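Following: one structure in structure tokens, then a few remarks.
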Amino acid sequence: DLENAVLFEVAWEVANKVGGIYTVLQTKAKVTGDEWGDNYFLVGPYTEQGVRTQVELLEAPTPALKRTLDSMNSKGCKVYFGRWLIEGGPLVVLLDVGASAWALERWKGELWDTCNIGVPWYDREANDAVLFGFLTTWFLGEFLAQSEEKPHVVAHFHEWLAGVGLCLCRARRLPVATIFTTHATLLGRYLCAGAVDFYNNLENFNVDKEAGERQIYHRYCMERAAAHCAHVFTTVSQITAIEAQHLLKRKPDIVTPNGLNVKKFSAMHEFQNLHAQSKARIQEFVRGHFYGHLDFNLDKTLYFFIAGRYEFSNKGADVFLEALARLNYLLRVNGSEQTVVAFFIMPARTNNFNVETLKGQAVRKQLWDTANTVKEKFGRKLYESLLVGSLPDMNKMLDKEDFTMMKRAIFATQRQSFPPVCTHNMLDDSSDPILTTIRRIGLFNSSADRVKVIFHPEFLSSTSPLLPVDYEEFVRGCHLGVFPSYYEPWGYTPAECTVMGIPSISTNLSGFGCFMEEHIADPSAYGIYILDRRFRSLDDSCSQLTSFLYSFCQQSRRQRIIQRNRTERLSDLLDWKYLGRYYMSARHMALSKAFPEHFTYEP
Amino acid sequence: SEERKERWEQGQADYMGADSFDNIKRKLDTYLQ
Ligand SMILES: O=P(O)(O)OC[C@H]1O[C@H](O)[C@H](O)[C@@H](O)[C@@H]1O
């Protein structure tokens, strides 16, 4: 349909930078910036901190818009109209959530005669969400009123924080089509750990009882009310669609997976050039976390990657830890030269680094300095040998002075303690779920161990004394990115991995893994290993993961490169250009249901 | 009746009680989809 119309994207994460929803709408703006053109807007909360960074204020193009802001400006509502500085040119409608006094009390009671949902005063963002909810309905209401012969409106609502303002637009009966896109189910988060087998018992869960118990009923109601208030209910994931079918009680009309704007290069192999450059910087790290214990070959070594928020059960570290313990067995009982260095890049509270890790990094530069001094001494003696006209002796090249330097360097390198499992020093080391499991499974980064676990208790940075490499470079360095999960509504950690050339082990319970099962037919062949976690048990899932990990371990140099080239081809699948189609289809579907008079069925 | 709004405050809302969502779903149904 080509009809000229104005739509609004309503989210709390618009010009806030709080959650992952911000990152969704960051690159969504480009693809949605031509489908509806300049007519599309983004309704968001106003923060003075967010304005200095992201928002550049501008006047209204259309005279009807000028009055919508001015009429709203009267009556105590303040809008700072501006353009988002992010790529795409998104015109943002920042409503001040600070202006609580005019409508918080009156519209909260107005909310109760309409939706019959009450707001506790204790919960902070609860009172802030409803305010933002009425403010949206005001702007939409004025836009429909003051624009004579207003085209069919679409109100695109993201998260529970906007989910209240969904029902208000429907309650006024304002001519507006409505979309609710839940990026994560609210009650699903607490149900994931609190209730055993959440995915197995998704149908059984008493839907009102559980929310009341987690003192989160008011939030649950606002999101659930939003589903019955959108002609189109939308989930990011097909696994989240199953969640919503038995919890939110609304089947998602369309599943619109989140996407990334892939940073496409000039050479289609530049990712693999950035592989070797970043692998070397990881090689500088593991040639230093281990000094005097470097018996393993680092040219036959692999790097496994796992990242995200520090959630042991949700980000599925428990599955991956017991799997490396069995991968320890399979690469040791079998005569294998293959060593695997798994990196756990999950941020946690940490007072400072570890003396042994810092000493090892300093020793690595020391054995680089003592290998630069005698290298120059070799070089100078060679240059006066090449100039003289004689090839080097190769035995006298290094004097007794040089041999004593190198003999002492080796003597300082020697350590008896096994290289550390965690790079930094923790406040709660014994209470740490990852470190407790490591000492239990029996991987102390020993010489006998074919898998060495190197947890980095904080995010990677380029400005870091140890491991000076940023996250986007570090992913590209690692050979494989293993992401077992139980509650990843949309994998963003495994999603960004597949955007890069690195193959990622996703799961059936993850939003990314369900997407890869649906779109492409070939799982392991294209690179993305998918773990069955819905129809299996915790032990069974670990056993499948071992066979997946050992498959990558038994792979040759050349076969690894082919698979990494195949994973590059799947970047087009996660790009906003391809995955924006689904959102567009949601919009076209919304217009037709709410207003079939001039909108086609569009089957 | 205005008692239920106060009950909502302080999270005294009843999941299966007066504040039960089933009533809310019918209330949304008054504004038919
Ligand atoms: O990552 P591996 O399977 O060990 O292979 C290592 C290879 O990585 C990239 O493809 C580089 O361009 C090559 O120079 C290097 O030989």
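Note that chain A carries Swiss-Prot numbering, so the residues on display, from first to last, are 23-625.
Even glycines carry a Cβ here, placed using N, Cα and C.
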Co-listed alpha-D-glucose 6-phosphate-binding residue [Swiss-Prot; alongside A:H291, A:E292, A:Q294, A:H297, A:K301, A:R582, A:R586] among A:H240, A:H250, A:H501, A:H541: A:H501
Site-mate of A:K39, A:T515 for UDP in Swiss-Prot, selected among A:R211, A:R236, A:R331: A:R331
Where Swiss-Prot places phosphoserine when the choices are A:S288, A:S412, A:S573: A:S412
Those residues of the chain, 6+ apart, with a Cβ under 8 Å from that of A:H501 (alpha-D-glucose 6-phosphate binding site): A:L324, A:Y325, A:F326, A:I524, A:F574, A:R582
Binding-site residues whose CB lies under 6 angstroms from ligand 1, from A:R211, A:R331, A:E510, A:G513, A:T515, A:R582: A:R582
Nearest of the binding-site residues (A:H205, A:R331, A:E510, A:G513, A:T515) to A:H291 (alpha-D-glucose 6-phosphate binding site), judged by Cα-Cα distance: A:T515
Residue among binding-site residues A:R582, A:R586 with least C-beta crowding, 10 angstrom cut-off: A:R582
Residue, out of the binding-site residues A:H297, A:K301, A:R331, whose Cβ gathers the largest set of other Cβ atoms within 10 Å: A:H297
Which listed residue (A:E292, A:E510) has most other Cβ within 10 Å, given these are binding-site residues: A:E510
Closest of A:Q294, A:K301, A:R331 to A:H205 (UDP-alpha-D-glucose binding site), Cα positions, binding-site residues only: A:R331
Which same-chain residues, if any, lie at least 6 apart from A:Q294 (alpha-D-glucose 6-phosphate binding site) yet have Cβ under 8 Å of it: A:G523, A:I583, A:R586, A:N587
8 Å Cβ shell about A:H205, A:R211, A:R331, A:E510, A:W512, A:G513 centroid, UDP-alpha-D-glucose site members excluded: A:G42, A:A206, A:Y509, A:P511, A:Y514, A:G533
